[PDB]
Amino acid sequence: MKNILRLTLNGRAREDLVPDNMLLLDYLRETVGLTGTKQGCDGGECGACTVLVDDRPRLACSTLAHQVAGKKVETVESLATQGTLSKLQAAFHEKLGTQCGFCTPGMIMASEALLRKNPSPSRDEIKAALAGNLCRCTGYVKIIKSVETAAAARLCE
Amino acid sequence: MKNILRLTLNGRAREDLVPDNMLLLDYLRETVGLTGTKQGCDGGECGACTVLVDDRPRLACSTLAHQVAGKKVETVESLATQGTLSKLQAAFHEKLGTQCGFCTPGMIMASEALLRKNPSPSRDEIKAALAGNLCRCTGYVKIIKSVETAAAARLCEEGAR
Amino acid sequence: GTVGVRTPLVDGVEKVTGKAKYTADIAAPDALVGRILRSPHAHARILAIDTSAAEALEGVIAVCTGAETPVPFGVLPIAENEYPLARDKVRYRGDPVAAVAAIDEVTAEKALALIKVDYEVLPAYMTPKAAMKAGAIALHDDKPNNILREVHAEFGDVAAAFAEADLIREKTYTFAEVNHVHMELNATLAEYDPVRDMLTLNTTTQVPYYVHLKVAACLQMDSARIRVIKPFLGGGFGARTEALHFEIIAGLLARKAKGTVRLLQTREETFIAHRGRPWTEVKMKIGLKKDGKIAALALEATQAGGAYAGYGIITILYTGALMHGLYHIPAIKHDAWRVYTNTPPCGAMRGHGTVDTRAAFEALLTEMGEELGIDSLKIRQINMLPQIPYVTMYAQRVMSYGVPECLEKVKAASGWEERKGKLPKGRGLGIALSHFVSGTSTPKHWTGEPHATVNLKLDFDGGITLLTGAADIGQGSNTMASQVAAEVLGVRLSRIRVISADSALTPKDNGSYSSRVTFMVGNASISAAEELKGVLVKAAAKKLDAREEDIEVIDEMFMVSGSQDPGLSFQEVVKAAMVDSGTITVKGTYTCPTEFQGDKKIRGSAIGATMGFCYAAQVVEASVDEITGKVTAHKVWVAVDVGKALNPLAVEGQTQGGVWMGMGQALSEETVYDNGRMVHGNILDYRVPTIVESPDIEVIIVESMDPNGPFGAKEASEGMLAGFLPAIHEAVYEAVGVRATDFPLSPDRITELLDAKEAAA
Amino acid sequence: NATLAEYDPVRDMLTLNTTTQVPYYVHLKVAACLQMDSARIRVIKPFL
Amino acid sequence: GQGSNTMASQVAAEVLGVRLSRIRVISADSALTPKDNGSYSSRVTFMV
Amino acid sequence: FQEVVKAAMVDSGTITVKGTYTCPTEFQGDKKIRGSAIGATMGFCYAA
Amino acid sequence: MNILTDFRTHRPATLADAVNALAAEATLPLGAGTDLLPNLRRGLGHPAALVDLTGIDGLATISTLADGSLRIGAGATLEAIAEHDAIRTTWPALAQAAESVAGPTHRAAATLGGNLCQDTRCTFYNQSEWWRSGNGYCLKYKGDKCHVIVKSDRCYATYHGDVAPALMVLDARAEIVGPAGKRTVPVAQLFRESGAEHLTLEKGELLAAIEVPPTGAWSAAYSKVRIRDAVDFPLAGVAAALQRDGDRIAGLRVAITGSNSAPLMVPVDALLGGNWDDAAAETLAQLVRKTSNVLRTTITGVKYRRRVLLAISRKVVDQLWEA
Ligand SMILES: Cc1cc2nc3c(=O)[nH]c(=O)nc-3n(C[C@H](O)[C@H](O)[C@H](O)COP(=O)(O)OP(=O)(O)OC[C@H]3O[C@@H](n4cnc5c(N)ncnc54)[C@H](O)[C@@H]3O)c2cc1C
Ligand code: PCD
Ligand code: SF4
Ligand code: FES
Ligand code: FES
Ligand code: FES
Ligand code: FES
């Protein structure tokens, strides 16, 4: 059955009739058409679908869209200011914390949640925050460099 | 304010939260993303936004989306069967009742309403049904031929032809 | 074969299914709404402008004014006097003053209202006579008398020629200004990438090359950072043959906002963009012999051109350029004035600049022939070019001419002989000739480049991709190019995928204007196909162990001429051709020979110079209701010399559309201004004909086979528009005995003529 | 893994967007396996 | 994801003496691009 | 570069060129050894 | 997205519900919206709510009463009216007028109530918000000056409705429902010759139905003049009803539209008893001319609009007489 769902998505108020059994991942990719959030596994194993709910990371594939009613939801599409990259996005790009780019939206959202809560994370803290996000291209080395670069750039903004 | 809107669109049930002040044209183009229905004027003058509501022609730009609650709505995107053209679409293409193609979705929907109500329209009846649909490319001659060709192709054998 | 075959346009499927994406249909989720603040005054100086409150409004991302657009633009290099956003003064009601990019429509609308502009209102001029009055304020300082351009020419000894005439008459005709009313609304989707400083545009244009140039020049951005794409286009008929201000403004806003901006235009704003056919007063003076032969011609034409240069210079030249090439005329005098007025700039519109003078000439010739007792169809047959080729006094070279067959054809088809002058009370028949160029043989920008370039690509898969910068605006150029290339290669139309008008992939094309596309891009396309055919024939010859001259290509088979063996399939040849080669890419080009580009010692003779002319003869049957004064066009029989109809189905539709747009100008279309204010800004009061009163139109194709056109082809879309006006004018005279002098022949003008003719006699 | 296949029955043409590192091989196998001329097939690899 | 679009741009710009930004790479669309044997056995940088 | 492009367009219009590469036969193994094409290359990447 | 004020859209199932909804401020009745939406989109009105009448059950019913009278709910479409067999055979002028309205697509949804209550038109009014604010608006809406008749004692916008004149010569009655209850008035009285208050409906009132009495010895017709053959509003419209006795005019009714701020009955008693000849036609023309007040609220000129108005008044009576 469909029921009203109200939330703030990427800075904009949403008020939609959404199926009670719809996953946040499908609501985002299919109802709103935001394809940045990816599906990399069959359920909670890879972090490719990570998005932000009230500044904290959440797996869109293992969250019912109706559970985020009244919350502030953000996907990779919200980070840039018009076409200008955020410092975190510029860093992943410049340090090559992204190759095929498929795990990147989820990796960047988990990184964004870390940097909002802990502005100057240690290398171990970065690893701890990105622990559930799998990448097959990088070997992770440059992803950690990317986050450290973004952290420093956001401090001397 | 948004309120629930229930209707059947292109054969599918829709149940959406739609602004009370939303035009059917914008609901179609922007909410559902069906761009076939066009906007050719500032209001009710050209027919480019013609769609079908319960088999009859309706100007989507001069109809509030909420006024079609519980009705069957069809746009140009619903006429084909998967990728196969309907006889009406094939005729417009083959007889060149369409050039730039901009007035075509509206012209074809008004033609579809006519052919469902009057399977064998006379030339004057075709003109009368398409009277509010403006085309700037064709001079209308081949549009009339397209509708006559579609009518014959759809027309019943056991009746007068 | 593909050439000469009735062919549905290759992109027709997407049009009838609603799959074709036009500019406003392109998805762009990140798009900001762009809006333009337009001037409420017809003529005024801008004293100050304050955008601070608009810039502070939440949701407003960018706001621009003329201070950010220091470079003017014009379609002609010698007359670029329009700024994207106004600087110092506005010159018509609608003139862009500022623009904004916001998150949605409601916010953009609020933003516009928050912009404060201080104006010093100036006197506005609606007519040429008012703008030319001594003391009138000059719209542009470089033309103190508001006259953009004057033309004064003479061919032969006119005074002498007139002294030799047996009958001389002169009449003045006026023509309302008309608009293109292409059904798609103006729009531009501008995507600015600030990370790389690159701009990509999807826009409603017939000339993506010109847009590319003007956006680069106006935003002072290197052209290599700009990509222009023309998606599906809902027609244009001339309106979009110049880079338009909203396209430049869209790119300006996108860059300022550092993002994407979708700038849509309303139907009223589309009327404001205008660039249509100017209001025109034409004085026509014709001298004839008792036998009907033409002895001399002297004509004057004054055009109200709107507020900026645009196509004006070219338009005014066109009023006289096509007085040549149709009839043999001993001597011709031509005087004309293109005058600035405080109304939307006029421009190119189907039959660009030759429609009004042609109608005037045809009407007078017919009136004079009546006084001489000569049949109107006969007097035209009497004045046809004596021999072909024929070099006109204007230096045009007519290498093919089908007028004789056109006249005989419409004479027979309309039953002229048995019906002319013998119709029921209130009905009439009229005849008229008209013609137009198959492309202006000289590009507007002298870059020394070929006049058309087509690339072809053929790889292992066997699919041929044809890449052209040409803009299919509904006329069928994508089909036209496919047909001629397939014909040369002996393949089926379906083997060709056409990729078109995307600056990053397709070879530049000068634009879809002056009916240059079939002639030039068709020849370029033929040329490219010959290059490819040669590559394939060589590989086939090698594999068949034959000589290349012996290879024949028939229905995708390469065989030895006259052999009993069928040969190799197209795919086997492709396979053979890939050996030691891989992907084949060829280039084909076409360039008009200098001799067809006018006379160097006659400045401006390039306008009207072309490789060949499309000619049209049409008979119109109409009736007039004296109670209401309404004229009804029942039918048109029209024969058009198109050299060789590449696609007879398209030629017919193109001809019907051209004749019909003429019928609209002849009977119900006219713009109306009231002290600078547009009164006709909608399609209710600007009366585009509906299907009910529109006449039936029967098309007869005539093929004079031009020696230089692709497979003998000439244009097939403009040469037939002008003739409808004089033809129905004659039919109205036979129907009710009045001679209209002002178009349109709407009910109000006809009842006035009927009331005057009844006051007299 | 994923494939988006668009078959146009009006023209009998097929367009594929697919998750492949070898669009040329896909082009060859789709043509051979569907017994469809390669000139009626278009293969595009979007981001991978 | 390995960077062949960048690799090809770099070597072509180097030969031409132009900046990387002057090159737009269009890739892997059979109707527009020349056939390539595929991204396997690390043949791309060397051959392409 | 733009002035040269402008000059280059004269009498030419759009420029399109083709570049190709083919491995010399000597780097394609030994014809008389079964399957030696597999492992035959122009060069090797080495890592320690 | 096309801009409209953020109004509420009420969809009542009954007349009572519709009437109650219309009590709130800045609330407007809504038929198919073919006249109102283009107007609202151009910024001609800023409603807080619209009351959709197309969902009211039974409001579109057409029927023939006990006494042979025709009853038409205000929600009936112009297409249903133009195609209704009984209307076409018995009250043809009504079917003629309905069919002459706009285009076929508009007629497929346009209602009878919406056609009669359509807004008056003028070239300074049916223009965009940008165009009008730039010109200082006008007396009819957001300004204080009439640009057609500078005296500005009132708005002179013209009423171009096609059906009104036909119902008027057929002696139809308008059934109105409001907060005060139900009331009926001759259809001609539904209008007021004032451009900006052209209807005699009061706050909360709706036109609920139209009733047309049996024709008796009357025959009627409607004739409209326009430049294009479809879509265009009437440049002039004349409906006439005639009763012929031998070769004398026993009864005559004439109504005009497209000429004044209201569709109007023309006083023609001076022709009663007389014959229908050139002299009589001329008296009609002058009677029609007197009642008419053709002004330049249209893009087309006054001279022509007045000339054809008089001309067709003769034509339509002539058509009836010679039938
Ligand atoms: C291009 C164009 C051409 C047109 N040509 C013509 C023409 O030739 N002749 C003509 O007559 N009209 C014409 N119209 C006007 C309009 O289309 C028709 O008049 C029509 O009948 C409108 O009915 P509607 O149901 O759409 O009314 P709406 O548009 O819904 O309503 C119009 C008005 O009536 C009020 N209203 C609606 N129903 C009622 C009711 N029951 N009681 C009280 N008030 C009510 C509304 O509040 C509003 O002010 C044209 C319109 C356009 C846009
Ligand atoms: N011979 C021959 C010729 C031609 N064709 C065809 O026909 C067409 C056309 O051609 P042309 O004539 O050459 O042309 P182009 O150049 O291509 O084009 C352009 C034009 O085009 C026409 N048409 C049309 N259609 C449509 N549909 N739309 C339009 O818009 C139009 N526009 C118009 C105009 S105006 Mo100007 O712009 O004023 O200068 S110029 C113009 C082509 O395509 C084809 O299809 C053929 O077939 N054949
Ligand atoms: S008649 Fe006068 S007041 Fe009425 S709408 Fe026109 S200009 Fe405004
Ligand atoms: S898609 Fe893998 S954890 Fe959600
Ligand atoms: S960049 Fe490819 S999976 Fe992470
Ligand atoms: S867009 Fe023109 S009538 Fe609807
Ligand atoms: S086909 Fe172009 S407007 Fe009709």
Side-chain angles (χ1 to χ4, degrees), chain A residues 2-3 5-12 14 16 18-80 85-86 88-89 91-93 97-118 121 126-140 142-144 146-147 150, chain C residues 27 29-30, chain D residues 1-4 17-19 46-48, chain E residues 1:
Chain A
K2 295 196 174 184
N3 282 291
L5 174 65
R6 300 194 182 73
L7 63 116
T8 298
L9 175 59
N10 294 349
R12 311 189 186 200
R14 300 286 307 187
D16 312 303
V18 180
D20 274 7
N21 73 161
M22 192 176 260
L23 296 170
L24 181 62
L25 173 63
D26 297 334
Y27 166 74
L28 294 170
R29 291 179 59 81
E30 294 170 34
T31 301
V32 186
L34 298 167
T35 63
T37 305
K38 316 299 187 191
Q39 191 180 322
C41 72
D42 294 338
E45 304 155 3
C46 75
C49 67
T50 306
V51 300
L52 300 182
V53 175
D54 290 334
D55 306 313
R56 297 308 296 143
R58 179 82 63 119
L59 294 180
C61 76
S62 305
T63 305
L64 287 183
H66 269 98
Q67 289 182 284
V68 302
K71 294 171 200 304
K72 176 190 65 164
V73 186
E74 305 165 79
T75 61
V76 69
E77 287 100 334
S78 69
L79 299 186
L85 308 181
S86 74
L88 177 60
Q89 294 168 308
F92 268 75
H93 171 55
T98 180
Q99 285 187 34
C100 75
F102 200 81
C103 75
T104 308
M107 196 66 71
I108 287 179
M109 299 317 292
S111 296
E112 173 67 35
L114 169 66
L115 296 186
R116 286 180 191 182
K117 181 170 178 163
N118 180 351
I126 291 168
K127 287 184 176 198
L130 301 185
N133 287 256
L134 296 183
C135 176
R136 201 66 165 139
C137 307
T138 64
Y140 301 111
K142 294 183 182 297
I143 286 175
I144 292 161
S146 292
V147 180
Chain C
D30 270 3
Chain D
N1 287 341
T3 295
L4 173 63
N17 272 270
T18 188
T19 57
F47 273 82
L48 190 74

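Protein chains get the first letters and strands the later ones, always in sequence-line order, with residue 1 at the start of each. Computation of the quantities below employed the complete heavy-atom set of this structure, encompassing side-chain atoms and omitting hydrogens, waters and symmetry-equivalent molecules.
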Exercise for the section: For the pair A/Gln39 and A/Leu25, evaluate side-chain contact (heavy atoms from CB on, under 4.5 Å) and give the outcome as yes or no after the intermediate values. Expected result: CA-CA 8 Å; A/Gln39 191 180 322; A/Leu25 173 63; 3.8 Å; yes
Exercise for the section: For A/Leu114 and A/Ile126, run side-chain contact (heavy atoms from CB on, under 4.5 Å): C-alpha distance rounded to whole Å, both residues' side-chain angles, the deciding distance at 0.1 Å, then the answer. Expected result: CA-CA 8 Å; A/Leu114 169 66; A/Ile126 291 168; 3.9 Å; yes
Practice task
Let me see the working for A/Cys103 and A/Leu134 under side-chain contact (heavy atoms from CB on, under 4.5 Å), right down to the final yes or no.
Solution key: CA-CA 7 Å; A/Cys103 75; A/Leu134 296 183; over 6 Å; no
Problem - Worked check of side-chain contact (heavy atoms from CB on, under 4.5 Å) between A/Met107 and A/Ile143 - result: CA-CA 8 Å; A/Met107 196 66 71; A/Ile143 286 175; 3.6 Å; yes
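Looking only at side-chain heavy atoms (C-beta outward), A/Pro57 and A/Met109 stay at 4.5 Å or farther from each other. At least one side-chain heavy atom of A/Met22 sits less than 4.5 Å from a side-chain heavy atom of A/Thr31. Counting only heavy atoms from C-beta outward, the side chains of A/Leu79 and A/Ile108 approach each other to under 4.5 Å. Using a 4.5 Å heavy-atom threshold, the side chains of A/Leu130 and A/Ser111 count as touching.
The number of heavy atoms from other shown groups lying within 6.0 Å of CZ (A/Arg12) does not exceed 12. Atom NZ of A/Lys142 has 12 or fewer neighbouring heavy atoms from other residues, nucleotides or ligands inside a 6.0 Å radius. In A/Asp55, the CG atom is crowded: over 12 heavy atoms of neighbouring residues, nucleotides or ligands sit closer than 6.0 Å.
Between the A/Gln89 side chain and the A/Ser86 main chain, a donor and an acceptor come within less than 3.5 Å of each other. Side-chain atoms of A/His66 come within 3.5 Å of backbone atoms of A/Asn3 as a donor-acceptor pair (strictly under, hydrogens ignored). Counting only distance, with no hydrogens or angles, the side chain of A/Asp54 and the backbone of A/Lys72 share a donor-acceptor pair below 3.5 Å. With hydrogens and angles disregarded, no donor-acceptor distance shorter than 3.5 Å links the side chain of A/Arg6 to the backbone of A/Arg14. Judged by distance alone, with hydrogens and angles left aside, the side-chain atoms of A/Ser78 form no donor-acceptor pair with the main-chain N or O of A/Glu74 at under 3.5 Å. Of the possible donor and acceptor atoms, one in the side chain of D/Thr19 sits under 3.5 Å from a partner among the backbone N and O of D/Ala2.
To the nearest 0.5 Å, atom CZ of residue A/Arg116 and atom CG of residue A/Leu88 are 10.0 Å apart. Considering OH of A/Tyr27 and CG of A/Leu9, their distance stands at 5.5 Å, rounded to 0.5 Å. Separation of atoms SG (A/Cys46) and CG (A/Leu59) is listed at 8.0 Å; rounding is to 0.5 Å. Distance check: A/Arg29 CZ to A/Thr35 OG1 gives 5.5 Å after rounding to the nearest 0.5 Å. Residue D/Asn1 holds its CG atom at 8.0 Å from OG1 of D/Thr18, rounded to the nearest 0.5 Å. Here OG1 of A/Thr63 is found 11.0 Å from NZ of A/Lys71. Values are rounded to the nearest 0.5 Å.
Contact between A/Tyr140 and A/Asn133 at its shortest, heavy atoms only, is CE2-O, 3.6 Å. The nearest pair of heavy atoms linking A/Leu52 to A/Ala113 is CD2-CB, 3.4 Å. For the pair A/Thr50 and A/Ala110, the tightest heavy-atom approach, listed with the atom from each and the gap, is CG2-N, 4.2 Å. Heavy atoms only, all atoms of each residue included: A/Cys49 and A/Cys61 are closest at SG-N, 3.4 Å. Taking every heavy atom of both residues into account, A/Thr138 and A/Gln99 meet most closely at CA-NE2, 3.8 Å. Residues A/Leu115 and A/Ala150 come closest through the heavy atom pair CD1-CB, 4.0 Å.
No hydrogens or angles considered: a donor-acceptor pair under 3.5 Å links the side chains of A/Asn10 and A/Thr75.
Here the rule is side chain to side chain contact (heavy atoms under 4.5 Å, CB included) with A/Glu77, and of A/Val32, A/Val51, A/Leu28, A/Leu34 only A/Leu34 fits it.
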